[PDB]
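Form deposited in one PDB entry, single chain, as structure tokens, below.
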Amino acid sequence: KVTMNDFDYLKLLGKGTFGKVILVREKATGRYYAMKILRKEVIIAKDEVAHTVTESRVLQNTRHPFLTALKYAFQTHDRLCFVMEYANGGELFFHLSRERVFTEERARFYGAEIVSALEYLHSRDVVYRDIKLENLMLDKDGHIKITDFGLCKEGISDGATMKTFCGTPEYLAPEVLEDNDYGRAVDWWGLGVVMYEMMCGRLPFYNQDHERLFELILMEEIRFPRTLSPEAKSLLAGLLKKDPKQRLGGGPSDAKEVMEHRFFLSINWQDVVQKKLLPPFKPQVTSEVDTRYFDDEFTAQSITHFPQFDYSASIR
């Protein structure tokens, strides 16, 4: 069985209300990983057990170049621990914040890898439900790595629906802001918001008052910079179609609609998944313990059983 003191704990990469993420070295191999350490007390308090177990279980079987690979899942009497590959490039949120805006070309590159990942998940009857800049990270080479699978629902195929009011406020699709249920198209809306952010340098809707924000999502029309290309405008218009039945990727073909959109005219989708496309930005990390693409806010800081957890990549 795997335990806490099998690792050296080097730097805090992130901290939130659910828990914290830490750069760790595996003592037994000397290799570096990221560890997410959630407290059971908080999870049981917020009644997020199913979601937290879902996160492990989905990672235990998924394999894809642009999804974060889970090395270990294990636990203590009071903590839940995920050990995954350290994304040296950090979050897209970090980069977009620093650079303000990406070129349509650079956006097209990240978008294509996210579409690849979403096609994979949706083919596996899994809706991710939380596409955002915080959950899109970059590996040392500069490729997309989707992270945090704690709001995934399983058994959702074309037509199937979901009932949990969940996601991130600024990224919630308008149908999620209605009664009853919604479908897997919510993911394509999510892509739409991040694509809009990457090319327009802001969310399509924003207000710190959720009541005001949720009204904007349902009612307000999206605007575009004049300079934005017609195809770029068309993609965002399609991805951010308020009606999910007429949203790009919301039909039965799922990702094939998005893939066949003219914004990705230059993209070969088999080159995408085979990693044959060259990243426009390569993380300038000098060592393995380098945390330059993470915030000083975190890196400056010092440092009853859940079933269906306790997984290992060497064993399964």
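For clarity, a rigid core is taken as the largest C-alpha set superposing within 1.5 Å between two forms. Note that residue numbering begins at 1 and tracks the sequence as displayed.
Keep in mind the form deposited in another entry is missing from the figure; the text below concerns it.
For the list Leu67, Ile37, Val273, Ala255, which one shows a CA move of 2 Å or more between the shown form and the other one after the core is fit?
Comparing the C-alpha positions, the one residue that moves 2 Å or more is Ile37.
Per-residue C-alpha change between the shown form and the other one, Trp189, threshold 2 Å, rigid core fit
No; that C-alpha moves by less than 2 Å between the shown form and the other one.
Cα of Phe82 displaced 2 Å or more between the shown form and the other one, core superposed?
Where the cores coincide, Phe82 still shows a C-alpha shift between the shown form and the other one that is 2 Å or more.
So, does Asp243 move by 2 Å or more at the CA between the shown form and the other one, with the core held fixed?
It does not reach a 2 Å shift.
Hey, the CA atoms of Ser287 and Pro65 end up closer or farther in the other form than in the shown form, with the change being 3 Å or more?
The answer is closer, because the C-alphas of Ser287 and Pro65 approach each other in the other form by 3 Å or more.
Might you say whether the CA atoms of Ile144 and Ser287 end up closer or farther apart in the other form than in this form? Their distance differs by 3 Å or more.
Compared with this form, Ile144 and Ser287 lie closer in the other form.
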